[PDB]
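See below for the structure under consideration.
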Amino acid sequence: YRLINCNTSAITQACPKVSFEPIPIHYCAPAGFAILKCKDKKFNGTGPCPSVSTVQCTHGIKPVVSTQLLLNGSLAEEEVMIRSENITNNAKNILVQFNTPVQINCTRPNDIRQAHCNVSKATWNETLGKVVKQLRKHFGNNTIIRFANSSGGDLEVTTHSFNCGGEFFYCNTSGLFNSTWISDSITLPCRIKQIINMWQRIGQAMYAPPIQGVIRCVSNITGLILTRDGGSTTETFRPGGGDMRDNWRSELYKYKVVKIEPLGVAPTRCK
Amino acid sequence: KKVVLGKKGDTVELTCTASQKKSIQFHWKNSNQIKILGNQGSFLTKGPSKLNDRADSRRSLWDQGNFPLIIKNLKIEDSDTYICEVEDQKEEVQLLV
Amino acid sequence: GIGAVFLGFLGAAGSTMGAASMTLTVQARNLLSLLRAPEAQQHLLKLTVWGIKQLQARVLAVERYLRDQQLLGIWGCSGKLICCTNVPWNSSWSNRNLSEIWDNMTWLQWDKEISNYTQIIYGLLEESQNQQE
Amino acid sequence: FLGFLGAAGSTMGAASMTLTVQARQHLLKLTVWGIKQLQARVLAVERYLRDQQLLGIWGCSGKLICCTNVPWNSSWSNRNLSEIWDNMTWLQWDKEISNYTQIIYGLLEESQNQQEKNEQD
Amino acid sequence: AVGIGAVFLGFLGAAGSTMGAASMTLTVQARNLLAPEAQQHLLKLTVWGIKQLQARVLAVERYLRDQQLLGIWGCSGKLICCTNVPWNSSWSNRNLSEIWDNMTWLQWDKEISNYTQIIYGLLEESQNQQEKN
Amino acid sequence: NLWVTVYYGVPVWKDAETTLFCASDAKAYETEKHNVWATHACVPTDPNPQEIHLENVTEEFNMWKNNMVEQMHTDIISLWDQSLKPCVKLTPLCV
Ligand SMILES: *[C@@H]1O[C@H](CO)[C@@H](O[C@@H]2O[C@H](CO)[C@@H](O[C@@H]3O[C@H](CO[C@H]4O[C@H](CO)[C@@H](O)[C@H](O[C@H]5O[C@H](CO)[C@@H](O)[C@H](O)[C@@H]5O)[C@@H]4O)[C@@H](O)[C@H](O[C@H]4O[C@H](CO)[C@@H](O)[C@H](O)[C@@H]4O[C@H]4O[C@H](CO)[C@@H](O)[C@H](O)[C@@H]4O)[C@@H]3O)[C@H](O)[C@H]2NC(C)=O)[C@H](O)[C@H]1NC(C)=O
Ligand SMILES: *[C@@H]1O[C@H](CO)[C@@H](O[C@@H]2O[C@H](CO)[C@@H](O)[C@H](O)[C@H]2NC(C)=O)[C@H](O)[C@H]1NC(C)=O
Ligand SMILES: *[C@@H]1O[C@H](CO)[C@@H](O[C@@H]2O[C@H](CO)[C@@H](O)[C@H](O)[C@H]2NC(C)=O)[C@H](O)[C@H]1NC(C)=O
Ligand SMILES: *[C@@H]1O[C@H](CO)[C@@H](O)[C@H](O)[C@H]1NC(C)=O
Ligand SMILES: *[C@@H]1O[C@H](CO)[C@@H](O)[C@H](O)[C@H]1NC(C)=O
Ligand SMILES: *[C@@H]1O[C@H](CO)[C@@H](O)[C@H](O)[C@H]1NC(C)=O
Ligand SMILES: *[C@@H]1O[C@H](CO)[C@@H](O)[C@H](O)[C@H]1NC(C)=O
Ligand SMILES: *[C@@H]1O[C@H](CO)[C@@H](O)[C@H](O)[C@H]1NC(C)=O
Ligand SMILES: *[C@@H]1O[C@H](CO)[C@@H](O)[C@H](O)[C@H]1NC(C)=O
Ligand SMILES: *[C@@H]1O[C@H](CO)[C@@H](O)[C@H](O)[C@H]1NC(C)=O
Ligand SMILES: *[C@@H]1O[C@H](CO)[C@@H](O)[C@H](O)[C@H]1NC(C)=O
């Protein structure tokens with residue numbers, strides 16, 4: 001009644017080594033409905049959007065899951081946007097968009113369970129530089145910003161996990177957040193784990209061994225997910241993520257499904 | 001304003017609980033509002049507190065609403081107050097060893 | 001086909017109700033507005049679930065339109081866009097000056113205005129069209 | 001666009017009122033039987049549009065209940081009109097009126113047709 | 001096809017008759033009308049079934065786009081319908097007996113087609129101003 | 001003296017939730033695993049998309065309470081479960 005028996009089952013399907021390239025899937029609205037795009041560009045997600053168009057289907061959204069990053073997404077148009085439900089709460093995932101894609105090359109070279117992601121330095125230092133510009137808007141442009149690593153938890157959210165080609169990479173983004181902002185390339189030591197935690201429901205999954213050849217990955221980082229830690233100050237932004245809803249609250253932030261009611265009544269002086 | 005007593009070292013199971021049975025997002029913070037332990041979808045996460053290596057939770061109980069917090073190696077300095085924030089029910093449980 | 005005009009109504013939102021009814025007259029004329037590849041036997045039953053799924057939309061856009069104009073045709077007028085009928089306007093339905101309605105309000109305001117009374121007018125439009133017959 | 005509009009119509013006063021209220025591989029199994037459920041709907045649209053031209057010729061287009069200026073004859077099943085709505089199903093009408101429905105449809109032609117010339121003068 | 005595709009072609013009977021003779025047929029024609037191989041049994045059910053339902057819903061939405069256009073003018077379902085627009089006498093300047101006794105619709109429509117956009121604007125406006133006041 | 005009008009063709013909105021149907025340009029032959037899933041449960045893309053800019057309208061959105069984000073979350077659970085079939089699951093049952 002308190003320590004109730006939970007039978008951790010184990011269903012075993014027939015598992016080949018299948019390809020995996022996510023295509024853009026855009027959601028249309030049925031007949032008699034519409035979708036209201038928010039064509040603003042300072043739009044922080046909430047509040048009154050002053051320029052609203054009406055479209056039936058949205059842009060080709062790519063279902064690209066990851067933790068701690070948002071690969072192959074869609075970009076901003078003016079500056080780096082910083083969205084949150086309630087900022088100054090220290091329990092809400094601060095989303096971040098990029099108006100320029102920090103390209104990341106990631107390959108398994110020729111150990112089978114080892115890979116490397118290469119990201120270009122100073123395209124990252126300026127993009128960490130753009131973020132500490134708009135971050136100081138919600139603060140007192142002081143209280144020295146210190147990026148740092150994660151804190152712990154599962155291995156899926158303390159490292160930038162993704163899945164390119166069919167294998168489930170786990171990259172140690174620890175050089176990407178090590179600076180502190182007062183008032184050539186980088187290499188990341190990825191693995192390929194076979195025993196992962198599913199993001200779908202609660203449970204573990206063990207997969208086939210990695211494929212034999214080379215595994216390329218050309219993804220364009222268009223987004224972060226940070227998190228603060230309110231002490232009693234420097235406001236350290238320890239990155240995270242992992243609820244997969246937040247990967248699609250950053251490509252469905254400018255949309256709204258309404259219902260069209262085309263019958264109105266009014267008083268007139270007719271006869 | 002619950003009361004939980006430990007001796008030293010033992011595992012205490014503080015508990016907040018919702019009424020949904022559908023694995024909704026919670027957290028766990030302390031009196032200085034630093035994150036102790038958190039849920040992120042279907043994965044666990046810690047926070048940069050001083051219980052970051054010692055805290056834990058039971059993963060299988062999230063699917064029935066029960067979101068515990070299991071602490072190992074009880075020192076004297078964790079005698080504080082802890083706050084579970086499920087969606088609004090910011091319940092406070094205090095701890096002593 | 002018809003689902004194109006179901007969304008073209010929204011081009012007059014944000015304007016005033018005197019202007020949007022006039023735009024509707026122009027919109028009245030504006031509401032008057034192919035898989036032939038070599039298909040393998042694997043493509044045959046896959047391009048046909050792409051055929052039925054689009055044709056479950058074109059008939060829903062027809063069947064919604066006839067479920068509109070069945071409800072209008074109860075209230076006297078079938079096929080009329082601008083239709084006024086023989087029910088007197090009650091004063092308790094958010095009383096306001098008629099210049100304070102057709103000149104300084106958008107149509108979305110009336111959703112916020114009389115939605116507490118919108119069901120009551122609909123029964124009156126049935127009864128007076130039944131009492132007159 | 002109704003072809004059924006059933007709602008289990010039994011008692012006529014409940015049938016009249018609710019009428020105003022209500023109607024106001026494995027891919028071969030689902031593609032053959034999806035086209036069959038589109039031939040149901042698309043016919044049930046074209047059965048409506050054929051019908052609403054017939055009521056339009058009588059003058060009763062669009063209105064579900066319509067009243068018109070043709071009284072009963074003597075040989076049109078003269079029962080009392082108060083018990084007729086009390087205990088009878090709508091099914092029991094087409095049993096009760098057999099060959100009169102063809103001349104009722106003819107008289108409702110000329111009742112509108114003489115009226116179109118009457119208001120013309 | 002097998003629905004309201006025969007109605008659009010059945011209108012074209014009695015062309016070349018006089019305009020009184022077509023009018024007598026208007027209300028009466030729309031009263032009277034509106035292999036042991038498993039592989040062929042599949043296509044006759046699946047892709048030849050869709051392609052004949054893409055032509056039956058084409059004839060529906062061709063028809064409703066006509067009865068909607070008569071709805072702006074005010075008729076919407078009456079086959080014979082007359083309005084409040086007065087006939088301008090600079091429209092072919094012809095005798096009313098010379099038109100309805102000895103002239104065919106094709107001969108008639110060739111006369112009028114210079115300005116049938118101008119007539120179609122008036123019937124919309126007159127049904128915009130008979131429901132305005 | 002004023003009489004009730006009825007207009008058909010009015011731009012009126014109404015906050016409500018519904019089931020959005022997916023659309024993407026799948027190929028219907030490729031054995032890449034998204035082009036398989038986007039053929040069973042999608043539709044071809046919009047060939048001539050309809051888009052209207054609305055004048056003078058203001059409109060309050062919300063990102064953290066959208067009801068189509070939980071409709072994207074459903075169709076990606078439903079993707080990966082028919083896409084990456086694993087060798088060994090361990091799903092807690094908890095009777
Ligand atoms: C963000 O979006 C981008 C898209 O813009 C994503 O980038 C994609 O990443 C995936 C994952 O790696 C790529 O898929 C794989 O690409 C490999 C490289 O192929 C390219 O180079 C070779 C050599 O020059 C060419 O032959 C290829 O041409 C192929 O692609 C074209 C279309 O572009 C087809 O039309 C052709 O017919 C060719 O097939 C490319 O130009 C490629 O090796 C790989 O194919 C193998 O891998 C899968 C499993 O991973 C097998 O199912 C498949 O059959 C192949 O397997 C053989 O080879 C491997 C060796 O790797 C052996 O081990 C096997 O046993 C077997 O022999 C697959 O095509 C994709 O190309 C790429 N998209 C691009 C570049 O546009 C990012 O991933 C995305 N980000 C995230 C996070 O998802
Ligand atoms: C956003 O989060 C902050 C906490 O960081 C909330 O502020 C708290 O509000 C409660 C109200 O019951 C007060 O008792 C606390 O003292 C506040 N704390 C701080 C640090 O301000 C704030 O209410 C949240 N925003 C919303 C809209 O709920
Ligand atoms: C990810 O890389 C970092 C960078 O090395 C690892 O952090 C520590 O880095 C110091 C370098 O000053 C090493 O001496 C330590 O051995 C590293 N590890 C620890 C535990 O302190 C970090 O550990 C890497 N992540 C993982 C999961 O191994
Ligand atoms: C978002 O913008 C609105 C006004 O546009 C503002 O009231 C709100 O505080 C903003 N929220 C964040 C997290 O920036
Ligand atoms: C990489 O970023 C560019 C923009 O600079 C974009 O056009 C391209 O599509 C991206 N590549 C992807 C998403 O694979
Ligand atoms: C990654 O970076 C290292 C060091 O900068 C370099 O030696 C290696 O060739 C790079 N690999 C790729 C695929 O860019
Ligand atoms: C990033 O660039 C700034 C100048 O824009 C420089 O001051 C800083 O040192 C750079 N970061 C690192 C880690 O060198
Ligand atoms: C980087 O992260 C690892 C574990 O994620 C941790 O051991 C290390 O101390 C971190 N580095 C910093 C500077 O926080
Ligand atoms: C069936 O008959 C019972 C008894 O008269 C009645 O209460 C019920 O409403 C009838 N069913 C319907 C659908 O009218
Ligand atoms: C053909 O022309 C003659 C002479 O004008 C006319 O009487 C006759 O009615 C026409 N044919 C038909 C079928 O109307
Ligand atoms: C009628 O239109 C034709 C072209 O269709 C033109 O040649 C002729 O001049 C026009 N006549 C009048 C009177 O407008």
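In the structure tokens, each chain is lettered A, B, ... as it comes, each chain's residues begin at 1, and ligands are numbered from 1 in order of appearance.
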For chain D versus chain C, which residues have an atom no more than 6 Å away, and what is each residue's nearest atom pair and distance in Å rounded to one decimal, using only C-alpha atoms, chain-then-number order, as CSV?
```
residue,atom,partner,partner_atom,distance
D:1,CA,C:63,CA,5.9
D:24,CA,C:71,CA,5.6
D:62,CA,C:73,CA,4.7
D:63,CA,C:74,CA,5.2
```
Write a file of the just-selected residues containing N, CA and C atoms, as an mmCIF file, in the first residue's frame.
```cif
data_model
loop_
_atom_site.group_PDB
_atom_site.id
_atom_site.type_symbol
_atom_site.label_atom_id
_atom_site.label_comp_id
_atom_site.auth_asym_id
_atom_site.auth_seq_id
_atom_site.Cartn_x
_atom_site.Cartn_y
_atom_site.Cartn_z
ATOM 1 N N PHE D 1 -26.663 18.165 -44.092
ATOM 2 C CA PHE D 1 -26.513 17.073 -45.035
ATOM 3 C C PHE D 1 -26.794 15.758 -44.342
ATOM 4 N N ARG D 24 -30.470 20.496 -36.614
ATOM 5 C CA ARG D 24 -30.500 21.930 -36.864
ATOM 6 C C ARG D 24 -29.210 22.406 -37.523
ATOM 7 N N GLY D 62 -35.437 24.948 -47.581
ATOM 8 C CA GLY D 62 -34.705 25.332 -46.382
ATOM 9 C C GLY D 62 -35.398 25.133 -45.061
ATOM 10 N N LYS D 63 -36.665 25.516 -44.977
ATOM 11 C CA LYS D 63 -37.419 25.335 -43.749
ATOM 12 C C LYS D 63 -37.671 23.855 -43.528
#
```
Practice task
Report as a VMD selection string which protein, DNA and RNA residues come within 12 Å of ligand 10, using only C-alpha atoms and all ligand atoms.
Solution key: chain E and resid 13 to 22 101 to 104
TODO: List every residue of region 28-99 of chain E that DSSP, applied to the backbone of this structure, places in helix (DSSP H, G or I), and write the result as an NGL selection string.
DONE: :E and (28-32 or 38-53 or 56-67 or 69-73 or 96-99)
Store the residues of this selection in a file with C-alpha atoms, as an mmCIF file, in the first residue's frame.
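This is the output file again_21.cif:
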```
data_model
loop_
_atom_site.group_PDB
_atom_site.id
_atom_site.type_symbol
_atom_site.label_atom_id
_atom_site.label_comp_id
_atom_site.auth_asym_id
_atom_site.auth_seq_id
_atom_site.Cartn_x
_atom_site.Cartn_y
_atom_site.Cartn_z
ATOM 1 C CA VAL E 28 -40.277 20.565 -64.880
ATOM 2 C CA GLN E 29 -36.871 19.065 -65.656
ATOM 3 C CA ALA E 30 -35.618 19.850 -62.198
ATOM 4 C CA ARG E 31 -38.576 17.873 -60.825
ATOM 5 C CA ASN E 32 -38.036 14.750 -62.967
ATOM 6 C CA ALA E 38 -9.095 -10.569 -58.310
ATOM 7 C CA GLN E 39 -6.750 -7.867 -59.590
ATOM 8 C CA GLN E 40 -9.437 -5.996 -61.509
ATOM 9 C CA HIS E 41 -11.790 -6.355 -58.548
ATOM 10 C CA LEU E 42 -9.188 -4.464 -56.522
ATOM 11 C CA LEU E 43 -8.713 -1.467 -58.837
ATOM 12 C CA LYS E 44 -12.456 -1.275 -59.490
ATOM 13 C CA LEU E 45 -12.874 -0.815 -55.751
ATOM 14 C CA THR E 46 -9.917 1.328 -54.840
ATOM 15 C CA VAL E 47 -8.472 3.725 -57.424
ATOM 16 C CA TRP E 48 -11.279 3.682 -59.955
ATOM 17 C CA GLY E 49 -13.500 4.228 -56.942
ATOM 18 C CA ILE E 50 -11.655 7.327 -55.774
ATOM 19 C CA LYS E 51 -11.426 8.863 -59.223
ATOM 20 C CA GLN E 52 -15.189 8.745 -59.661
ATOM 21 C CA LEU E 53 -15.644 10.327 -56.240
ATOM 22 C CA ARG E 56 -18.931 13.636 -57.949
ATOM 23 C CA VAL E 57 -17.692 16.169 -55.419
ATOM 24 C CA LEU E 58 -16.523 18.347 -58.284
ATOM 25 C CA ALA E 59 -20.089 18.494 -59.568
ATOM 26 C CA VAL E 60 -21.357 19.295 -56.088
ATOM 27 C CA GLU E 61 -19.006 22.212 -55.600
ATOM 28 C CA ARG E 62 -19.737 23.406 -59.102
ATOM 29 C CA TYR E 63 -23.417 23.466 -58.193
ATOM 30 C CA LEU E 64 -23.106 25.137 -54.801
ATOM 31 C CA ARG E 65 -20.939 27.799 -56.404
ATOM 32 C CA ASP E 66 -23.935 28.581 -58.599
ATOM 33 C CA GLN E 67 -26.615 28.627 -55.930
ATOM 34 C CA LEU E 69 -24.135 33.346 -56.559
ATOM 35 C CA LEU E 70 -27.915 33.429 -56.793
ATOM 36 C CA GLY E 71 -27.884 33.994 -53.042
ATOM 37 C CA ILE E 72 -26.088 37.308 -53.324
ATOM 38 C CA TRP E 73 -28.689 38.486 -55.802
ATOM 39 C CA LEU E 96 -40.016 42.909 -75.874
ATOM 40 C CA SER E 97 -42.110 40.991 -78.385
ATOM 41 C CA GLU E 98 -39.111 40.738 -80.709
ATOM 42 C CA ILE E 99 -37.135 39.098 -77.892
#
```
request  = Determine which residues of region 7-54 of chain F receive a DSSP assignment of strand (DSSP E), computed from the backbone, and state them as a list in words.
outcome  = residues 7, 8, 21, 22, 23, 51, 52 and 53 of chain F
What would the file look like if the residues just selected were written as a CSV table (one decimal), in the first residue's frame with N, CA, C and O atoms?
```csv
chain,number,residue,atom,x,y,z
F,7,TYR,N,-26.1,37.9,-39.9
F,7,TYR,CA,-25.1,37.9,-40.9
F,7,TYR,C,-24.4,36.6,-41.0
F,7,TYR,O,-24.1,35.9,-40.0
F,8,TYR,N,-24.0,36.2,-42.2
F,8,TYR,CA,-23.3,35.0,-42.5
F,8,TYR,C,-22.0,35.4,-43.2
F,8,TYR,O,-22.1,35.9,-44.4
F,21,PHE,N,-4.6,17.6,-37.9
F,21,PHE,CA,-4.2,16.6,-38.8
F,21,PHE,C,-2.8,17.0,-39.4
F,21,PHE,O,-2.6,18.1,-39.7
F,22,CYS,N,-1.9,16.0,-39.5
F,22,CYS,CA,-0.5,16.2,-39.9
F,22,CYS,C,-0.4,16.4,-41.4
F,22,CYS,O,-1.2,15.9,-42.1
F,23,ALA,N,0.6,17.1,-41.8
F,23,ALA,CA,0.9,17.2,-43.2
F,23,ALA,C,2.4,17.3,-43.5
F,23,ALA,O,3.0,18.1,-42.9
F,51,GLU,N,-2.9,32.2,-47.0
F,51,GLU,CA,-2.4,33.0,-45.8
F,51,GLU,C,-2.9,34.4,-46.0
F,51,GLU,O,-2.7,35.1,-47.0
F,52,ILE,N,-3.5,34.9,-44.9
F,52,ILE,CA,-4.1,36.2,-44.9
F,52,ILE,C,-3.5,37.0,-43.8
F,52,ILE,O,-3.4,36.5,-42.6
F,53,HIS,N,-3.0,38.2,-44.1
F,53,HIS,CA,-2.5,39.1,-43.0
F,53,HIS,C,-3.8,39.9,-42.5
F,53,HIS,O,-4.6,40.4,-43.3
```
_Which residues are near ligand 3 in this structure, taking near to mean any atom at most 10 Å from a ligand atom and counting only C-alpha atoms and all ligand atoms? Format them as a ChimeraX atom specification._
/A:149-150,152,155,158-159,170-175,178,188-191
All residues 12 Å or closer to residue 141 (chain A), only C-alpha atoms, same chain fewer than 2 positions away omitted, as a VMD selection string:
chain A and resid 132 to 139 143 to 145 181 to 183 234 to 235
Q.
Let me see if you get this right: every residue at most 6 Å from ligand 1, counting only C-alpha atoms and all ligand atoms, written as a PyMOL selection string.
A. chain A and resi 18-19+21+71-72+162+164-166+211-219
_Calculated over only C-alpha atoms, which of the candidates C:102, C:117, C:6, C:122 has the smallest distance to residue 50 (chain F)?_
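Under the stated criterion, the closest residue is C:6.
Residues in contact with residue 100 (chain D) at 12 Å, where only C-alpha atoms are counted and same-chain residues fewer than 6 positions away are skipped, are listed as residues 72, 73, 74, 75, 76, 77, 93, 94, 106 and 107 of chain D.
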Quick one: which chain F residues come within 12 Å of chain D, and what is the nearest atom pair for each with the distance in Å to one decimal, counting only C-alpha atoms, rows ordered by chain and ascending number, as CSV?
```
residue,atom,partner,partner_atom,distance
F:39,CA,D:27,CA,11.3
F:40,CA,D:27,CA,8.9
F:41,CA,D:27,CA,11.7
```
Now that the selection is made, can you save its residues with N, CA and C atoms as a PDB file, in the first residue's frame?
```
ATOM      1  N   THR F  39       3.510   8.272 -44.029  1.00  0.00           N
ATOM      2  CA  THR F  39       2.659   7.826 -45.111  1.00  0.00           C
ATOM      3  C   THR F  39       1.421   7.141 -44.567  1.00  0.00           C
ATOM      4  N   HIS F  40       1.567   6.437 -43.449  1.00  0.00           N
ATOM      5  CA  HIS F  40       0.427   5.812 -42.799  1.00  0.00           C
ATOM      6  C   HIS F  40      -0.462   6.845 -42.137  1.00  0.00           C
ATOM      7  N   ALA F  41       0.127   7.917 -41.608  1.00  0.00           N
ATOM      8  CA  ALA F  41      -0.579   8.838 -40.723  1.00  0.00           C
ATOM      9  C   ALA F  41      -0.239  10.282 -41.037  1.00  0.00           C
TER      10      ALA F  41
END
```
Notebook entry, point to check: From the list F:73, F:85, F:27, F:33, which residue is nearest chain C when using only C-alpha atoms?
Noted result: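 Comparing F:73, F:85, F:27, F:33 against chain C, the winner is F:27.
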Pick out the chain B residues within 9 Å of chain F. Count only C-alpha atoms. Give them as a PDB file with C-alpha atoms, in the first residue's frame.
```pdb
ATOM      1  CA  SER B  60       8.896   3.946 -10.736  1.00  0.00           C
ATOM      2  CA  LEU B  61       6.561   5.868  -8.420  1.00  0.00           C
ATOM      3  CA  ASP B  63       3.802   7.200 -12.827  1.00  0.00           C
ATOM      4  CA  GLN B  64       1.381   6.945  -9.876  1.00  0.00           C
TER       5      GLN B  64
END
```
(message) Can you tell me which residues surround residue 48 (chain B) at a distance of at most 7 Å, considering only C-alpha atoms, apart from same-chain residues fewer than 4 positions away, and format the answer as JSON, numbers by chain?
(response) {"A": [151], "B": [35, 52]}
Same residues, N, CA and C atoms, output as an mmCIF file, in the first residue's frame:
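Now in out.cif:
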```cif
data_model
loop_
_atom_site.group_PDB
_atom_site.id
_atom_site.type_symbol
_atom_site.label_atom_id
_atom_site.label_comp_id
_atom_site.auth_asym_id
_atom_site.auth_seq_id
_atom_site.Cartn_x
_atom_site.Cartn_y
_atom_site.Cartn_z
ATOM 1 N N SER A 151 24.508 19.577 -12.921
ATOM 2 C CA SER A 151 24.674 19.166 -11.541
ATOM 3 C C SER A 151 24.675 17.663 -11.356
ATOM 4 N N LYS B 35 17.903 24.367 -5.858
ATOM 5 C CA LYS B 35 17.278 23.125 -6.282
ATOM 6 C C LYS B 35 17.980 21.927 -5.661
ATOM 7 N N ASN B 52 23.743 17.315 -3.600
ATOM 8 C CA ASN B 52 23.707 16.958 -5.016
ATOM 9 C C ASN B 52 24.222 15.550 -5.282
#
```
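Between CA of residue 11 (chain A) and CA of residue 156 (chain A) the separation is 22.2 Å.
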One decimal place gives the CA of residue 54 (chain C)-CA of residue 28 (chain A) separation as 12.2 Å
